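Dumped data_38.pdb below, it's PDB, N, CA and C atoms:
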ATOM      1  N   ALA A   1      94.422 179.364 125.551  1.00  0.00           N
ATOM      2  CA  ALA A   1      95.571 179.928 124.806  1.00  0.00           C
ATOM      3  C   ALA A   1      96.891 179.447 125.407  1.00  0.00           C
ATOM      4  N   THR A   2      97.997 179.822 124.773  1.00  0.00           N
ATOM      5  CA  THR A   2      99.326 179.478 125.257  1.00  0.00           C
ATOM      6  C   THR A   2      99.700 180.342 126.462  1.00  0.00           C
ATOM      7  N   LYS A   3     100.751 179.943 127.171  1.00  0.00           N
ATOM      8  CA  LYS A   3     101.225 180.682 128.337  1.00  0.00           C
ATOM      9  C   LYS A   3     102.454 181.519 127.967  1.00  0.00           C
ATOM     10  N   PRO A   4     102.288 182.855 127.883  1.00  0.00           N
ATOM     11  CA  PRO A   4     103.394 183.792 127.625  1.00  0.00           C
ATOM     12  C   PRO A   4     104.414 183.866 128.776  1.00  0.00           C
ATOM     13  N   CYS A   5     105.182 184.952 128.800  1.00  0.00           N
ATOM     14  CA  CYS A   5     106.263 185.131 129.778  1.00  0.00           C
ATOM     15  C   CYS A   5     105.820 185.938 130.994  1.00  0.00           C
ATOM     16  N   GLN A   6     106.764 186.114 131.931  1.00  0.00           N
ATOM     17  CA  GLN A   6     106.464 186.524 133.300  1.00  0.00           C
ATOM     18  C   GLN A   6     105.757 185.367 134.003  1.00  0.00           C
ATOM     19  N   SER A   7     106.364 184.182 133.857  1.00  0.00           N
ATOM     20  CA  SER A   7     105.808 182.905 134.315  1.00  0.00           C
ATOM     21  C   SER A   7     105.228 182.999 135.724  1.00  0.00           C
ATOM     22  N   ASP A   8     105.865 183.800 136.570  1.00  0.00           N
ATOM     23  CA  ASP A   8     105.435 183.968 137.956  1.00  0.00           C
ATOM     24  C   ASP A   8     103.962 184.366 138.028  1.00  0.00           C
ATOM     25  N   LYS A   9     103.619 185.462 137.360  1.00  0.00           N
ATOM     26  CA  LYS A   9     102.232 185.910 137.274  1.00  0.00           C
ATOM     27  C   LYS A   9     101.468 185.101 136.227  1.00  0.00           C
ATOM     28  N   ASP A  10     102.179 184.690 135.181  1.00  0.00           N
ATOM     29  CA  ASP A  10     101.541 184.150 133.985  1.00  0.00           C
ATOM     30  C   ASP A  10     100.931 182.771 134.229  1.00  0.00           C
ATOM     31  N   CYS A  11     101.738 181.803 134.669  1.00  0.00           N
ATOM     32  CA  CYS A  11     101.195 180.490 134.999  1.00  0.00           C
ATOM     33  C   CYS A  11     100.867 180.454 136.498  1.00  0.00           C
ATOM     34  N   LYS A  12      99.838 179.690 136.883  1.00  0.00           N
ATOM     35  CA  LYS A  12      99.294 179.804 138.243  1.00  0.00           C
ATOM     36  C   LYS A  12     100.217 179.244 139.335  1.00  0.00           C
ATOM     37  N   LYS A  13     100.556 177.960 139.221  1.00  0.00           N
ATOM     38  CA  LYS A  13     101.439 177.286 140.184  1.00  0.00           C
ATOM     39  C   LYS A  13     102.590 176.580 139.469  1.00  0.00           C
ATOM     40  N   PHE A  14     102.800 176.915 138.194  1.00  0.00           N
ATOM     41  CA  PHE A  14     103.374 175.965 137.225  1.00  0.00           C
ATOM     42  C   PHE A  14     104.479 175.105 137.850  1.00  0.00           C
ATOM     43  N   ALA A  15     104.072 173.896 138.244  1.00  0.00           N
ATOM     44  CA  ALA A  15     104.937 172.937 138.923  1.00  0.00           C
ATOM     45  C   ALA A  15     105.440 171.878 137.953  1.00  0.00           C
ATOM     46  N   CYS A  16     106.651 171.395 138.187  1.00  0.00           N
ATOM     47  CA  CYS A  16     107.246 170.360 137.351  1.00  0.00           C
ATOM     48  C   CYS A  16     108.167 169.469 138.181  1.00  0.00           C
ATOM     49  N   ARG A  17     108.487 168.293 137.646  1.00  0.00           N
ATOM     50  CA  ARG A  17     109.254 167.293 138.382  1.00  0.00           C
ATOM     51  C   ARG A  17     110.671 167.781 138.678  1.00  0.00           C
ATOM     52  N   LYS A  18     110.973 167.869 139.971  1.00  0.00           N
ATOM     53  CA  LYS A  18     112.261 168.350 140.465  1.00  0.00           C
ATOM     54  C   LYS A  18     113.427 167.532 139.896  1.00  0.00           C
ATOM     55  N   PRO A  19     114.593 168.173 139.657  1.00  0.00           N
ATOM     56  CA  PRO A  19     114.781 169.613 139.844  1.00  0.00           C
ATOM     57  C   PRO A  19     114.212 170.399 138.664  1.00  0.00           C
ATOM     58  N   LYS A  20     113.314 171.342 138.948  1.00  0.00           N
ATOM     59  CA  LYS A  20     112.683 172.141 137.903  1.00  0.00           C
ATOM     60  C   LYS A  20     111.775 173.205 138.520  1.00  0.00           C
ATOM     61  N   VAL A  21     111.749 174.386 137.903  1.00  0.00           N
ATOM     62  CA  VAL A  21     110.972 175.524 138.405  1.00  0.00           C
ATOM     63  C   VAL A  21     110.365 176.320 137.244  1.00  0.00           C
ATOM     64  N   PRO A  22     109.240 177.031 137.485  1.00  0.00           N
ATOM     65  CA  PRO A  22     108.588 177.859 136.459  1.00  0.00           C
ATOM     66  C   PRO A  22     109.460 179.045 136.036  1.00  0.00           C
ATOM     67  N   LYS A  23     109.861 179.052 134.769  1.00  0.00           N
ATOM     68  CA  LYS A  23     110.724 180.092 134.220  1.00  0.00           C
ATOM     69  C   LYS A  23     110.174 180.579 132.885  1.00  0.00           C
ATOM     70  N   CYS A  24     110.706 181.688 132.400  1.00  0.00           N
ATOM     71  CA  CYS A  24     110.304 182.218 131.110  1.00  0.00           C
ATOM     72  C   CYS A  24     111.228 181.725 130.005  1.00  0.00           C
ATOM     73  N   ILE A  25     110.662 181.517 128.821  1.00  0.00           N
ATOM     74  CA  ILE A  25     111.431 181.159 127.639  1.00  0.00           C
ATOM     75  C   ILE A  25     111.071 182.089 126.480  1.00  0.00           C
ATOM     76  N   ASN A  26     111.834 183.171 126.347  1.00  0.00           N
ATOM     77  CA  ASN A  26     111.771 184.058 125.177  1.00  0.00           C
ATOM     78  C   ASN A  26     110.347 184.541 124.874  1.00  0.00           C
ATOM     79  N   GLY A  27     109.541 184.735 125.917  1.00  0.00           N
ATOM     80  CA  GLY A  27     108.190 185.256 125.734  1.00  0.00           C
ATOM     81  C   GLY A  27     107.106 184.298 126.198  1.00  0.00           C
ATOM     82  N   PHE A  28     107.510 183.055 126.503  1.00  0.00           N
ATOM     83  CA  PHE A  28     106.596 181.980 126.935  1.00  0.00           C
ATOM     84  C   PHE A  28     106.878 181.548 128.386  1.00  0.00           C
ATOM     85  N   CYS A  29     106.013 180.674 128.919  1.00  0.00           N
ATOM     86  CA  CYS A  29     106.111 180.179 130.300  1.00  0.00           C
ATOM     87  C   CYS A  29     106.320 178.667 130.282  1.00  0.00           C
ATOM     88  N   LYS A  30     107.490 178.239 130.752  1.00  0.00           N
ATOM     89  CA  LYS A  30     107.869 176.830 130.759  1.00  0.00           C
ATOM     90  C   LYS A  30     108.830 176.574 131.913  1.00  0.00           C
ATOM     91  N   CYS A  31     108.881 175.347 132.395  1.00  0.00           N
ATOM     92  CA  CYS A  31     109.664 175.037 133.578  1.00  0.00           C
ATOM     93  C   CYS A  31     111.034 174.496 133.192  1.00  0.00           C
ATOM     94  N   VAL A  32     112.069 175.047 133.817  1.00  0.00           N
ATOM     95  CA  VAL A  32     113.445 174.661 133.540  1.00  0.00           C
ATOM     96  C   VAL A  32     114.142 174.294 134.846  1.00  0.00           C
ATOM     97  N   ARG A  33     115.043 173.328 134.775  1.00  0.00           N
ATOM     98  CA  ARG A  33     115.794 172.877 135.940  1.00  0.00           C
ATOM     99  C   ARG A  33     116.800 173.943 136.385  1.00  0.00           C
TER     100      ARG A  33
END

Could you write out this structure as structure tokens?
Amino acid sequence: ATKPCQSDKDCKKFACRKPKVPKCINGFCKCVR
């Protein structure tokens, strides 16, 4: 399924190419700089 919000608990390690960190987007889990 898709990854909802509360990215911290929601996605496991959600890593992305710096500069970028696991953040929430309006109910989902996605990485933002």

request  = Given the file shown, determine the residues that the PyMOL selection byres ((chain A and resi 29) around 5) selects; report them as a PyMOL selection string.
outcome  = chain A and resi 3-5+7+23-25+27-28+30-31

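Interatomic distance, atom N of residue 16 in chain A against atom N of residue 32 in chain A: 7.9 Å.
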
request  = Tell me which protein, DNA and RNA residues are within 5 Å of residue 20 in chain A, counting all atoms listed in the file, leaving out same-chain ones fewer than 2 positions away, and put them as number ranges by chain.
outcome  = A: 17-18, 22, 32-33

query = Between atom C of residue 26 in chain A and CA of residue 6 in chain A, what is the distance, to one decimal in Å?
reply = 9.5 Å

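CA of residue 1 in chain A to CA of residue 19 in chain A spans 26.5 Å [interatomic distance, one decimal].
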